[PDB]
Amino acid sequence: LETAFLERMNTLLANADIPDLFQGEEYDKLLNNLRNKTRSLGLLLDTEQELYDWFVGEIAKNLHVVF
Amino acid sequence: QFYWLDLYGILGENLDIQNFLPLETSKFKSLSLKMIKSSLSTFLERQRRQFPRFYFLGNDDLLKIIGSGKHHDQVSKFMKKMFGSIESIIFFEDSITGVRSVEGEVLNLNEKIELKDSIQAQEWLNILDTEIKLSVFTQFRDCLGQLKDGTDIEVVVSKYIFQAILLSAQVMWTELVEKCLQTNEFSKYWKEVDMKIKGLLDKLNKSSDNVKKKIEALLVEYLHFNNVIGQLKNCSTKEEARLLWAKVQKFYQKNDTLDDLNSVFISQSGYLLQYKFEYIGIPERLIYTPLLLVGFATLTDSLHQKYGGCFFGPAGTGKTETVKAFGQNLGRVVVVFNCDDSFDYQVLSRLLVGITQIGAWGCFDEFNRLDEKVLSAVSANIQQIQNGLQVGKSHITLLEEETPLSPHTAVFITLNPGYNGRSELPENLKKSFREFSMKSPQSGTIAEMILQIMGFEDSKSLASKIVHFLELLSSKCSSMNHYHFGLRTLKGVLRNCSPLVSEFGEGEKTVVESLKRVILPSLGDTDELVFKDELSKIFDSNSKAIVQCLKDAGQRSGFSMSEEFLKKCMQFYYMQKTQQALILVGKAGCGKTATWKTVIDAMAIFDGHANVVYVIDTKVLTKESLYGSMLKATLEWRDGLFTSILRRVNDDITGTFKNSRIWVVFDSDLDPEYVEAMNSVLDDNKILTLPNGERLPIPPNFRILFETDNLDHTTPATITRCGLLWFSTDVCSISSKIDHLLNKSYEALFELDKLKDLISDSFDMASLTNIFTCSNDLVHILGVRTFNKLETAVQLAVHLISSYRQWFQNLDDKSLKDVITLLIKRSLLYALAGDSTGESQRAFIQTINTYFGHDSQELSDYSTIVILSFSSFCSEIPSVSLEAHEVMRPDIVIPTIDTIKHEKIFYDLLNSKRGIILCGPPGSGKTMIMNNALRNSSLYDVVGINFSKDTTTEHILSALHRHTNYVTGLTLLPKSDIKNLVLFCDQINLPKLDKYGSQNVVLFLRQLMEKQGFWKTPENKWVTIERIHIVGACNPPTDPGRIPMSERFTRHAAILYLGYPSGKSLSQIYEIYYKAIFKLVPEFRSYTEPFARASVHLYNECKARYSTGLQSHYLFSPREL
Amino acid sequence: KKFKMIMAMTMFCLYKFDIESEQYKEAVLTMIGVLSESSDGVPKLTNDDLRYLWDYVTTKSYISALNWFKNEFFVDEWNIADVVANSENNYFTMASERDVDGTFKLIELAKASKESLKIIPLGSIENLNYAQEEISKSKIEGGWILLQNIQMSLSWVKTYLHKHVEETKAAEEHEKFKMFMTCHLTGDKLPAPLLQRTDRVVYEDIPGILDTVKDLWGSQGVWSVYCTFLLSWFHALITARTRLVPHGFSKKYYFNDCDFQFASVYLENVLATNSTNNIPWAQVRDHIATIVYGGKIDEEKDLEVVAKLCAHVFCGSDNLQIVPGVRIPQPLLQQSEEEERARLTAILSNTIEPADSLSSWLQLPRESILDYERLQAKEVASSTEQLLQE
Ligand SMILES: Nc1ncnc2c1ncn2[C@@H]1O[C@H](COP(=O)(O)OP(=O)(O)OP(=O)(O)O)[C@@H](O)[C@H]1O
Ligand SMILES: Nc1ncnc2c1ncn2[C@@H]1O[C@H](COP(=O)(O)OP(=O)(O)OP(=O)(O)O)[C@@H](O)[C@H]1O
Ligand SMILES: Nc1ncnc2c1ncn2[C@@H]1O[C@H](COP(=O)(O)OP(=O)(O)OP(=O)(O)O)[C@@H](O)[C@H]1O
C-alpha cells in the first residue's frame, strides 16, 4: 500500500529481524519472553546478545516469504 | 525544590486567579505539578484578551509577567517584544516616570503612574499605553508651538523627542510650502531651508549620541524638503506646481477640533490618513526617492478603501523597509512577520486575531512561501477583515471566537515572484490586495544623500562613481549566480565606509577600501582582475596585529600559513566586522573550516573575548527539529535546536554571554526551504519570528556562518543578504597538507623523535610530486581528488609504521629505512590507486618503484613484512579441507591470495581508524570479505544496516538501540566495554535525493565520521561518539538506481575496489567445493575437475549471453555458482 | 472562446450542408479551406451571405469571417445569469483560466436575486467542516453557497461531494437552494461523475471593444456619469490591448473589475472637491496611469503605452475623438443626470465597431495584428474542417 511496506520487506530479508518492531520496552519484553522460552527448552542463554542471536537465528530458520 | 517553587509563584501565592483556575488551585494545594502548569493555558488566553500586545509573548513570558506584579522587573524586560520601539520602563518611587527607547531616547510622562501590587499588568500597562500617546502628543504640541513662533531648529532638537521635532518640522514645512504655492515666490524659502540644512549639518559634528541621531534623521527629512521645494521652484506653470505638490505627503493639524490625539492627519493624492501618535523612537530614516513616494501613494490609495497593501518585485529593492517607513511617517510601527510553510490556517488566523485586537499594522514578508492550501483557506479571513473595516463592524469572528475589531489595523504583504520554493497566490486572494511593482530603486540619489549625511567632501562625484562602478561590474564580470551589485551591495559599501572615515579622511580612499572589502571576497580570478582594472579606471586613487594573531593561531593549531590561506583569513576577518551573516563557498576539502576556525581563534587572541561555536547540520535535521514546532493537540510550543540556542543566549541567566561571541555554523548545503525562515533574522529586522507568536531578538554579537560548496538552488534572497567568501582553489599546497597531516598523526602518538625524522625524510616531496602527477591519470571508480586522498596515505602510513615500534630498537639503519620505505609505498599505493582495477594497481606499483628510486626497497604485488624480515603473501596461503556438509555453511571462505590481500588491507585501514567504503560489482565478495575479516577478530563487534530508497536517520539510530548506551555533553558507547562497534552500511548509495539533490542519510553519516557526534533532536543536545567505526559497501555509481555520493562525504573514507575473481580463480574455488562434495560419493571423485569446469563455463556463458539488455533482472554473478 | 467559434462553424455547416444545395455546400467548404490555409480557391457567388463572407475573407477580416457564421445562423446567446435563472439544476460549476475569476459575477447575481450568498474557500479542514455544516443548512433552510477552488481539496470533492450531489439528485424538494463551485480549466481533473450532474459555465472576458464598454456602462452630477463613461471606454480599450501579447504590451497583463472600481472611486473623489469645473485632468491622468493601472506594470515601455492611452482618453477636450467612430462632447451643466445618461447611452448605442477595430481603435499596425487574427482563424477553421471530415 505504501513504499514503507517495501522498507519492511526489504529489511526482513536483508536481516532476520526488523529492529523498529522491538524498540524500548518492546525490546525488554522480547528478551523476557525469550528467557522464558529459553528456560522452556532447557537452554542456557544469559545475556541479551545470546538471546537475541538465538531469536534471529530461529527467525531465519523458520520464516519463508513468497512474493 | 524547583517545580513546586515555580508553580507556587505562578499558581500557589495567588488567590485572584482561583476564580478562573479553581481546579488547579485545589490540585496545587494537595500536591503532576508539570501537568497543572501545562493546564493554565486557558487562563493565559483570558489574560491575553485583556491586553492585546500580550499576543507577542510566549506562555512562559505570560507566566512571568503575571506572577511578578510585585516587582515590576519582568514587565520592563518584555517592552522590546510588546511595543518594539521601547527598550524598558523607567520606574521611580514605585511609579513610572518614563520609558527608554531602543536607541536610548528617554520619553518622560506628563504624570507619574502610581503602581500598586493589586493592579495587574494589563491594567497599568493600558494606562501606560494611553499615557505614552498623550506624552508624545504633548511634546509635538509644544515643539510645534515654539518652532512656529520663530524658534530656531537648532535650539529645539536638543529639548524634545525625535517624533515631536520631526512632526513639527513637517507641519511647518507643509504650511509654508503651501503659502509659497499660493504665489511664485519659492526662491526665498528654498534659501531658508538650505540655510537650515547647512546649520544642522554643521551642528552634527558637535553633538552627543542622541543629538547626533536626531540631527541625521532631521537632515534626511530636510534634504527631502529642499528637493521638493526646488522642484516646485522650477515648475513652468501654476498647474505643474499644483500637480507636483498634490503628489507628496502633506501634514495638517485639525486646529479647530477638540479631539487632541486625532488632530493630525496626512493628505496625499486627495486621500486622508489618520496620524496615530504611537511612540516609535529614533529609527533609521530612509532617503526619499521617487519610487518611495509612489509606493506611499499606492499604500495610501489602498488604505483609503481598507484594501490590503502589497509590494512585489525582485529581491533587494526595498519593499519591507518602504512599508516600515510609511508606518513611521504615520506615527505608528509596523509589526513584521516572516511567512513560512510551517504556517497553516490556525497560525495565520491567530496572527490575524492578534493584529485585529491590537489595532496594529502587520506586514507579512515572503508571502509566497505559504503553501497553496493555506493561501486559499485564509482568503476568507482576509475578506472578513476587509468587510468589517469597510462596513464599520465592531466585532469579527475568527477561529470560532468573536473578537473586537480595532479600527486602526492594516495588512501588508511583500512577495518575491518566480523564486525557488515560492508559490502563487490564488485569484480570489490577490483581488483583496492592491499590487505595486518595485523593480528598480534610484540608487544614485540614495548614495548621494547618504554620503552628504556622512560629511564627505564631494557627495555628487563619489555617488556617481560608486553607482557607475557597480553597474560596470554587473556588466563586465563573468556569468555566475552569486553576482549582485544592487542596492544591498551599495548599502554594504556605504556602511563599511563609516568606521573607515577617520582611517582615510572623508574621501575617495574610504570608498575604494569599502568597495574592495565588500566585493573582492566574492569574486573569482577573472572577476578579480576585472574589478581591479575597472576600479583603477574609474577612481583616481596597518593590519600587523591581526596578521600576527593569525600567524600564531595557525601555527599553534598546526596549519601552514600559506599566502592564499592568510589572504582568505584576512578577507573573512574584515567581512565579519559588519556582516552578521557569512557564506563560505568552496570545493570539498578546500579549507573553509580551517579558515573560519583560524580567524575566530585569532580574534580570541586579539580581543580576549570568549567564543562559543555551535555547528548545526541543516539538512540532517528536519525543520520541526531545527526551528521547533507547536503541537496543536496541546497548543504547546517546543523549541528546536536553533530556536533553543537563540532563546538561551537571549536569557543569559549568568551573564556568560556579555563578553563573548556566539557562532552558529550551518555545515550543509543551503536549502531555500530552511534558510529563508531566517530572512528576517539575517537582514536589518534582526528578529526571529516563530509561528506561535513569539518574536526573539538577535543580539548584536550573534553571528551565523554558512558553509557549503554550491549555490545551485540558493536564491538571491539569501545570497544578497549574506556576505560571501569565494574559495577558488585549495588554500594550501600538497606539501603543506602532508606536513600538517604528518604532524597531527605523529603528535597523536626519543624513539618516536628519530622515527619522526625517518618518516618525514621518507615523505620526500621530490618523488611524491611525480607519483601524484601520474596517479591523476588512472581510472578511479567512485573516485576522489588526489588532494582529498592524501589523508588516507598519511594516516595509514603512520599507523603501520608505529605498529612495528616493538621491533625497531634492535634494527640497523638499512633495515629501518627499508621497513619505512615499503610501508609508505604500500600505504601510498592503496591511498592513491585503491579504487582502481587490478591492472591499474600493478602499473601504479611500477610507477611508485620507478619514482622512489631504483635503490629503494621494492614494492611488489604481494610483498609483506613478517617477524623483522621481508616476505610475500603468495607463499603464505594455506590449503583448506572441507567436509561435504560444510559447503552448506554461510561462513566458509576458501582461502586465496587475492582474498588474503583484501582482508589484510581492510583490517589495516580499520585499525588506523579511517572510515571505509567498499565498491565493486554485485557478488564480487564485499560483504563476505568484510565478514570473514572481522569474524576471527576479538576487538570488534559488527552491526549491519541495509540501506534503501526510503530509509532515514531514524533507522540508522534504531539499529544501534540494542548495542549502545547513552551515558552522561552526552556520550554514546557500545554496551560492551571490551570491543568496539563496526557499523556496516550496505548499499550506501541507494537512498534517493530529495527535491534539491541531497541525501540526508549520507550527510548524517558524514556528520558521524567528521564531528564524531550528532544532535539529539527532542532534547536538542550534543552526543559524542567514542568507539563506533563506520564502514560500508556499494555497487559502482553506474548501475541503475544508484545515487552518486558527494565528495564532501567520500573524502572522509578510503575506497577499495573489489572486482570479480578471474576465471582460473573461480575454477579453483569451485573445484575445491566439488572435491568436498564428492566425499559423499568417492567413486566419482575422478570427475571433480570436469564438473567444476562445466559449472564455471556455464556460468560464464550464461552471464555473457543473457544480458540486462534483454530483461532488467538478467543479473548473473558468482553467487549462482 | 476558441471552442465556441469552432462549434458555431461546425453546427452552421452540419445544418446548411444538408438543408441547402450542393453549390452552397461547396462554397462553404472552399471558404473553410481558405480560412484554415489548407487550400486556396474562390467560391461561386451568384448567395449574398457567402459573398459577404467572401468580402471579409479577401479583406483579411478574419475575426469577422469567423463571426459571420455565428451571426448569420444563431439568433440568441446566453450569459451566466441566463443559465442560472433558467435551469432545472441547482448545482453549478464555473471554470476559468489562471488570473480570471468570476466570483464577482456570482455576488452581483445574488444581490440582484435578493439572495444570501455565503462564500467558503476550500483547502483546509476547518473550512471543509464548516462547509459541510453550511451545505446541510442551506438545504433544510435555503440560501446560496459558493465553494471556491474545489480543486485544492479533491480528496473531499471525490468523496463527500461526489456523494451529496447524487443524494440531491434524489431529494429535489427545496426550491431556495443553489450550490456554486469554481475550478481552473488549467488545473487538475474533477471526477466525471460530479461534473456530469452539474451545470457547467465557462467564464471569460468579452471579446469586443464596443461590447465591453456597453456591458460596463449597462452595469451602472453630469460630470460623474461623463467620467464614468470615459472610464468605461478606457477600461475596454486597455483590456482589448492586452490581447495583443507581442504587439500591444511587451508583457502579458490582466485588468479586472477592481481596477475599474478604484478608478471610479478616484474620479468621484476628484470631482467632489473641484466644484468650479476646473477638473484637474493632469492629476486624473497621472493617478490612473501610475497607481490604479500602472501598479501592475513592471516595464517602462508598457507604462508608456498606458500613459499614452490615458493622455488620449482623459485629455479634457471639448469633444473627444475617443475612437475613429463616436465623438464624445462634454456635458452641459444645465442638463439633468438622467438626461446626460440618456445622451451618453445614445452616443454609445448609435455606432458600429468596424471589422478592423483591432487596428484603428487600438492604433496598432495592421500588419502586426494580421498574424494574430489570421492564426486564430486558422486554428478555428482547421479544427472545424477536421470535425466536418469525420
Ligand atoms: N530610501 C532608502 N534609503 C536608504 N536605504 C534604502 C532606501 N530604500 C531602500 N533602502 C535599502 O534597501 C534595503 C531594504 O530592503 P528590504 O530588506 O526591504 O528588502 P526586500 O525587498 O524585503 O528583500 P527580499 O525580497 O530579499 O525579502 C536596505 O538596504 C535599505 O537600507
Ligand atoms: N593551511 C593549511 N595547511 C595545511 N593543511 C591545511 C591547511 N588548510 C587546510 N588544510 C587541510 O586541508 C583540509 C581542509 O578541510 P577542512 O576541514 O577545512 O574542510 P573543508 O575544506 O571546508 O571541507 P568540507 O566542506 O567537506 O567540510 C584538512 O585536511 C586540513 O587539514
Ligand atoms: N574463496 C572464495 N573466493 C571468492 N568467492 C567465493 C569464495 N567462497 C565463496 N565465494 C562466493 O563468492 C560470492 C561472494 O559474493 P557475496 O555474496 O559476498 O556478495 P556481496 O559482496 O554481498 O554483493 P552485493 O554488493 O551484490 O550485495 C558468494 O557466492 C560466495 O559464495
# chains A, B, ... in the order shown; residues from 1 in each chain; ligands from 1

call {"tool": "select_by_dssp", "arguments": {"residues": "segment 2-159 of chain C", "states": "alpha helix (DSSP H)", "output": "NGL selection string"}}
result
:C and (2-19 or 22-36 or 48-58 or 62-73 or 80-85 or 103-112 or 125-140 or 154-156)

call {"tool": "residues_around", "arguments": {"residues": "residue 51 of chain A", "least_positions_apart": "3", "cutoff": "8 Å", "atoms": "only C-alpha atoms", "output": "MDAnalysis selection string"}}
result
chainID A and resid 31 34:35 45:48 54:55

call {"tool": "interface_residues", "arguments": {"of": "chain B", "to": "chain C", "cutoff": "9 Å", "atoms": "only C-alpha atoms", "output": "count of residues only"}}
result
39

call {"tool": "closest_atom_pairs", "arguments": {"of": "chain A", "to": "chain B", "cutoff": "7 Å", "atoms": "only C-alpha atoms", "output": "JSON lines"}}
result
{"residue": "A:7", "atom": "CA", "partner": "B:950", "partner_atom": "CA", "distance": 6.8}
{"residue": "A:11", "atom": "CA", "partner": "B:946", "partner_atom": "CA", "distance": 6.6}
{"residue": "A:14", "atom": "CA", "partner": "B:946", "partner_atom": "CA", "distance": 6.3}
{"residue": "A:19", "atom": "CA", "partner": "B:959", "partner_atom": "CA", "distance": 6.2}
{"residue": "A:20", "atom": "CA", "partner": "B:958", "partner_atom": "CA", "distance": 6.6}

call {"tool": "atom_distance", "arguments": {"atom1": "atom CA of residue 166 of chain C", "atom2": "atom CA of residue 118 of chain C"}}
result
22.1 Å

call {"tool": "residues_near_ligand", "arguments": {"ligand": "ligand 3", "cutoff": "8 Å", "atoms": "only C-alpha atoms and all ligand atoms", "output": "JSON, numbers by chain"}}
result
{"B": [890, 892, 893, 894, 895, 896, 899, 919, 920, 921, 922, 923, 924, 925, 926, 927, 928, 929, 986, 987, 1033, 1034, 1035, 1061, 1065, 1066, 1069, 1117, 1118, 1119, 1120, 1121]}

call {"tool": "select_by_dssp", "arguments": {"residues": "segment 176-347 of chain C", "states": "strand (DSSP E or B)", "output": "PDB file with N, CA and C atoms, in the first residue's frame"}}
result
ATOM      1  N   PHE C 177     -32.421  26.584  -2.799  1.00  0.00           N
ATOM      2  CA  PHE C 177     -31.054  26.108  -2.632  1.00  0.00           C
ATOM      3  C   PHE C 177     -30.322  26.130  -3.965  1.00  0.00           C
ATOM      4  N   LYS C 178     -29.101  26.657  -3.951  1.00  0.00           N
ATOM      5  CA  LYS C 178     -28.216  26.616  -5.109  1.00  0.00           C
ATOM      6  C   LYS C 178     -26.779  26.577  -4.617  1.00  0.00           C
ATOM      7  N   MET C 179     -26.015  25.595  -5.087  1.00  0.00           N
ATOM      8  CA  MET C 179     -24.598  25.489  -4.776  1.00  0.00           C
ATOM      9  C   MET C 179     -23.760  25.817  -6.001  1.00  0.00           C
ATOM     10  N   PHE C 180     -22.731  26.632  -5.790  1.00  0.00           N
ATOM     11  CA  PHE C 180     -21.829  27.076  -6.839  1.00  0.00           C
ATOM     12  C   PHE C 180     -20.416  26.600  -6.543  1.00  0.00           C
ATOM     13  N   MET C 181     -19.719  26.166  -7.588  1.00  0.00           N
ATOM     14  CA  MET C 181     -18.361  25.650  -7.488  1.00  0.00           C
ATOM     15  C   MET C 181     -17.489  26.351  -8.518  1.00  0.00           C
ATOM     16  N   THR C 182     -16.259  26.687  -8.127  1.00  0.00           N
ATOM     17  CA  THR C 182     -15.274  27.245  -9.043  1.00  0.00           C
ATOM     18  C   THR C 182     -14.057  26.335  -9.128  1.00  0.00           C
ATOM     19  N   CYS C 183     -13.459  26.310 -10.311  1.00  0.00           N
ATOM     20  CA  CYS C 183     -12.292  25.488 -10.591  1.00  0.00           C
ATOM     21  C   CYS C 183     -11.527  26.164 -11.717  1.00  0.00           C
ATOM     22  N   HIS C 184     -10.309  25.691 -11.949  1.00  0.00           N
ATOM     23  CA  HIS C 184      -9.468  26.208 -13.017  1.00  0.00           C
ATOM     24  C   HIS C 184      -9.418  25.220 -14.172  1.00  0.00           C
ATOM     25  N   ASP C 199     -24.424  21.871 -13.738  1.00  0.00           N
ATOM     26  CA  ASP C 199     -24.474  22.853 -14.846  1.00  0.00           C
ATOM     27  C   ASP C 199     -23.110  23.499 -14.927  1.00  0.00           C
ATOM     28  N   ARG C 200     -22.462  23.420 -16.070  1.00  0.00           N
ATOM     29  CA  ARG C 200     -21.108  23.912 -16.289  1.00  0.00           C
ATOM     30  C   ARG C 200     -21.144  25.213 -17.072  1.00  0.00           C
ATOM     31  N   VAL C 201     -20.416  26.210 -16.574  1.00  0.00           N
ATOM     32  CA  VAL C 201     -20.310  27.518 -17.202  1.00  0.00           C
ATOM     33  C   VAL C 201     -18.837  27.896 -17.262  1.00  0.00           C
ATOM     34  N   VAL C 202     -18.390  28.365 -18.423  1.00  0.00           N
ATOM     35  CA  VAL C 202     -17.032  28.870 -18.598  1.00  0.00           C
ATOM     36  C   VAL C 202     -17.080  30.390 -18.562  1.00  0.00           C
ATOM     37  N   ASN C 319     -14.544  68.039 -27.173  1.00  0.00           N
ATOM     38  CA  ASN C 319     -15.198  66.961 -27.912  1.00  0.00           C
ATOM     39  C   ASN C 319     -14.112  65.951 -28.270  1.00  0.00           C
ATOM     40  N   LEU C 320     -14.080  64.842 -27.538  1.00  0.00           N
ATOM     41  CA  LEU C 320     -13.018  63.857 -27.681  1.00  0.00           C
ATOM     42  C   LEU C 320     -13.338  62.885 -28.808  1.00  0.00           C
ATOM     43  N   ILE C 328     -17.288  62.216 -28.467  1.00  0.00           N
ATOM     44  CA  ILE C 328     -17.981  62.431 -27.198  1.00  0.00           C
ATOM     45  C   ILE C 328     -17.853  63.908 -26.834  1.00  0.00           C
ATOM     46  N   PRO C 329     -18.908  64.713 -26.970  1.00  0.00           N
ATOM     47  CA  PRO C 329     -18.868  66.075 -26.431  1.00  0.00           C
ATOM     48  C   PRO C 329     -18.941  66.087 -24.912  1.00  0.00           C
TER      49      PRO C 329
END

call {"tool": "residues_around", "arguments": {"residues": "residue 386 of chain C", "least_positions_apart": "4", "cutoff": "12 Å", "atoms": "only C-alpha atoms", "output": "PDB file with N, CA, C and O atoms, in the first residue's frame"}}
result
ATOM      1  N   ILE C   6     -15.519  27.316 -32.901  1.00  0.00           N
ATOM      2  CA  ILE C   6     -15.461  26.054 -33.638  1.00  0.00           C
ATOM      3  C   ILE C   6     -16.845  25.417 -33.688  1.00  0.00           C
ATOM      4  O   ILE C   6     -17.284  24.936 -34.739  1.00  0.00           O
ATOM      5  N   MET C   9     -19.223  27.336 -36.156  1.00  0.00           N
ATOM      6  CA  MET C   9     -18.976  26.978 -37.551  1.00  0.00           C
ATOM      7  C   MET C   9     -19.427  25.549 -37.835  1.00  0.00           C
ATOM      8  O   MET C   9     -20.044  25.276 -38.875  1.00  0.00           O
ATOM      9  N   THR C  10     -19.156  24.629 -36.907  1.00  0.00           N
ATOM     10  CA  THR C  10     -19.487  23.229 -37.137  1.00  0.00           C
ATOM     11  C   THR C  10     -20.990  23.037 -37.282  1.00  0.00           C
ATOM     12  O   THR C  10     -21.444  22.344 -38.195  1.00  0.00           O
ATOM     13  N   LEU C  29     -17.374  24.966 -48.014  1.00  0.00           N
ATOM     14  CA  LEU C  29     -16.165  24.160 -47.841  1.00  0.00           C
ATOM     15  C   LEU C  29     -14.932  24.859 -48.408  1.00  0.00           C
ATOM     16  O   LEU C  29     -13.864  24.842 -47.783  1.00  0.00           O
ATOM     17  N   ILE C  32     -13.951  27.439 -45.797  1.00  0.00           N
ATOM     18  CA  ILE C  32     -13.253  26.853 -44.651  1.00  0.00           C
ATOM     19  C   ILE C  32     -11.830  26.481 -45.040  1.00  0.00           C
ATOM     20  O   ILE C  32     -10.893  26.630 -44.245  1.00  0.00           O
ATOM     21  N   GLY C  33     -11.646  25.982 -46.262  1.00  0.00           N
ATOM     22  CA  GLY C  33     -10.299  25.713 -46.742  1.00  0.00           C
ATOM     23  C   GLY C  33      -9.447  26.966 -46.821  1.00  0.00           C
ATOM     24  O   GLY C  33      -8.259  26.943 -46.491  1.00  0.00           O
ATOM     25  N   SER C  36      -8.585  28.040 -43.110  1.00  0.00           N
ATOM     26  CA  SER C  36      -7.647  27.131 -42.465  1.00  0.00           C
ATOM     27  C   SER C  36      -6.271  27.130 -43.116  1.00  0.00           C
ATOM     28  O   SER C  36      -5.364  26.477 -42.589  1.00  0.00           O
ATOM     29  N   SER C  38      -5.527  25.531 -45.633  1.00  0.00           N
ATOM     30  CA  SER C  38      -5.299  24.205 -46.195  1.00  0.00           C
ATOM     31  C   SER C  38      -5.468  24.185 -47.708  1.00  0.00           C
ATOM     32  O   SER C  38      -4.894  23.318 -48.377  1.00  0.00           O
ATOM     33  N   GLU C 379      -6.554  28.282 -36.672  1.00  0.00           N
ATOM     34  CA  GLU C 379      -6.807  27.183 -35.745  1.00  0.00           C
ATOM     35  C   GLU C 379      -8.285  26.815 -35.724  1.00  0.00           C
ATOM     36  O   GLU C 379      -8.641  25.626 -35.784  1.00  0.00           O
ATOM     37  N   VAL C 380      -9.163  27.822 -35.673  1.00  0.00           N
ATOM     38  CA  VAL C 380     -10.596  27.540 -35.611  1.00  0.00           C
ATOM     39  C   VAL C 380     -11.043  26.793 -36.865  1.00  0.00           C
ATOM     40  O   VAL C 380     -11.718  25.757 -36.791  1.00  0.00           O
ATOM     41  N   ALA C 381     -10.655  27.302 -38.037  1.00  0.00           N
ATOM     42  CA  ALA C 381     -11.084  26.694 -39.289  1.00  0.00           C
ATOM     43  C   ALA C 381     -10.496  25.303 -39.464  1.00  0.00           C
ATOM     44  O   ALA C 381     -11.163  24.410 -39.992  1.00  0.00           O
ATOM     45  N   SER C 382      -9.245  25.097 -39.047  1.00  0.00           N
ATOM     46  CA  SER C 382      -8.637  23.777 -39.173  1.00  0.00           C
ATOM     47  C   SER C 382      -9.374  22.757 -38.317  1.00  0.00           C
ATOM     48  O   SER C 382      -9.669  21.641 -38.771  1.00  0.00           O
ATOM     49  N   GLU C 390     -14.711  14.137 -40.361  1.00  0.00           N
ATOM     50  CA  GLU C 390     -15.114  12.985 -39.563  1.00  0.00           C
ATOM     51  C   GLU C 390     -16.632  12.916 -39.440  1.00  0.00           C
ATOM     52  O   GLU C 390     -17.194  11.863 -39.138  1.00  0.00           O
TER      53      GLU C 390
END

call {"tool": "atom_distance", "arguments": {"atom1": "atom CA of residue 862 of chain B", "atom2": "atom CA of residue 907 of chain B"}}
result
16.0 Å

call {"tool": "residues_near_ligand", "arguments": {"ligand": "ligand 1", "cutoff": "6 Å", "atoms": "only C-alpha atoms and all ligand atoms", "output": "PDB file with N, CA and C atoms, in the first residue's frame"}}
result
ATOM      1  N   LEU B 286      14.667  56.506   5.908  1.00  0.00           N
ATOM      2  CA  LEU B 286      15.020  56.223   4.530  1.00  0.00           C
ATOM      3  C   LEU B 286      15.159  57.509   3.727  1.00  0.00           C
ATOM      4  N   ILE B 287      16.204  57.542   2.903  1.00  0.00           N
ATOM      5  CA  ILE B 287      16.351  58.608   1.921  1.00  0.00           C
ATOM      6  C   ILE B 287      15.144  58.595   1.000  1.00  0.00           C
ATOM      7  N   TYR B 288      14.586  59.777   0.741  1.00  0.00           N
ATOM      8  CA  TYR B 288      13.424  59.887  -0.132  1.00  0.00           C
ATOM      9  C   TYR B 288      13.828  59.833  -1.599  1.00  0.00           C
ATOM     10  N   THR B 289      13.142  58.985  -2.350  1.00  0.00           N
ATOM     11  CA  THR B 289      13.331  58.809  -3.778  1.00  0.00           C
ATOM     12  C   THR B 289      11.957  58.768  -4.428  1.00  0.00           C
ATOM     13  N   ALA B 315      14.182  40.509  -5.545  1.00  0.00           N
ATOM     14  CA  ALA B 315      14.734  40.671  -4.208  1.00  0.00           C
ATOM     15  C   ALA B 315      15.771  41.786  -4.174  1.00  0.00           C
ATOM     16  N   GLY B 316      15.773  42.542  -3.080  1.00  0.00           N
ATOM     17  CA  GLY B 316      16.773  43.569  -2.874  1.00  0.00           C
ATOM     18  C   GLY B 316      16.413  44.933  -3.412  1.00  0.00           C
ATOM     19  N   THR B 317      15.127  45.287  -3.429  1.00  0.00           N
ATOM     20  CA  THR B 317      14.673  46.584  -3.914  1.00  0.00           C
ATOM     21  C   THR B 317      14.035  47.451  -2.835  1.00  0.00           C
ATOM     22  N   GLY B 318      13.943  46.974  -1.600  1.00  0.00           N
ATOM     23  CA  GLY B 318      13.449  47.813  -0.521  1.00  0.00           C
ATOM     24  C   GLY B 318      11.946  47.857  -0.355  1.00  0.00           C
ATOM     25  N   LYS B 319      11.283  46.705  -0.398  1.00  0.00           N
ATOM     26  CA  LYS B 319       9.837  46.663  -0.207  1.00  0.00           C
ATOM     27  C   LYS B 319       9.466  46.763   1.272  1.00  0.00           C
ATOM     28  N   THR B 320      10.020  45.869   2.097  1.00  0.00           N
ATOM     29  CA  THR B 320       9.640  45.837   3.506  1.00  0.00           C
ATOM     30  C   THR B 320      10.016  47.126   4.220  1.00  0.00           C
ATOM     31  N   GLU B 321      11.170  47.705   3.900  1.00  0.00           N
ATOM     32  CA  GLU B 321      11.548  48.947   4.553  1.00  0.00           C
ATOM     33  C   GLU B 321      10.745  50.123   4.042  1.00  0.00           C
ATOM     34  N   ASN B 416       8.068  37.950  -3.430  1.00  0.00           N
ATOM     35  CA  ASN B 416       9.053  37.880  -4.494  1.00  0.00           C
ATOM     36  C   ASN B 416       8.625  36.821  -5.503  1.00  0.00           C
ATOM     37  N   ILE B 446      20.180  57.741  -3.447  1.00  0.00           N
ATOM     38  CA  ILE B 446      20.468  57.159  -2.139  1.00  0.00           C
ATOM     39  C   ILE B 446      21.940  57.350  -1.799  1.00  0.00           C
ATOM     40  N   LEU B 487      21.139  47.205  -4.641  1.00  0.00           N
ATOM     41  CA  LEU B 487      21.061  48.145  -3.533  1.00  0.00           C
ATOM     42  C   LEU B 487      21.733  47.612  -2.273  1.00  0.00           C
ATOM     43  N   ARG B 488      21.584  46.318  -1.983  1.00  0.00           N
ATOM     44  CA  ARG B 488      22.188  45.783  -0.766  1.00  0.00           C
ATOM     45  C   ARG B 488      23.705  45.902  -0.804  1.00  0.00           C
ATOM     46  N   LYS B 491      24.544  49.472   0.025  1.00  0.00           N
ATOM     47  CA  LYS B 491      24.432  49.697   1.460  1.00  0.00           C
ATOM     48  C   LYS B 491      25.601  49.083   2.212  1.00  0.00           C
ATOM     49  N   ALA B 717      17.517  35.822  -2.487  1.00  0.00           N
ATOM     50  CA  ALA B 717      17.017  36.251  -1.185  1.00  0.00           C
ATOM     51  C   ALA B 717      18.038  36.020  -0.080  1.00  0.00           C
TER      52      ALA B 717
END

call {"tool": "atom_distance", "arguments": {"atom1": "atom 21 (O, counted along the ligand's line) of ligand 2", "atom2": "atom CA of residue 580 of chain B"}}
result
21.8 Å
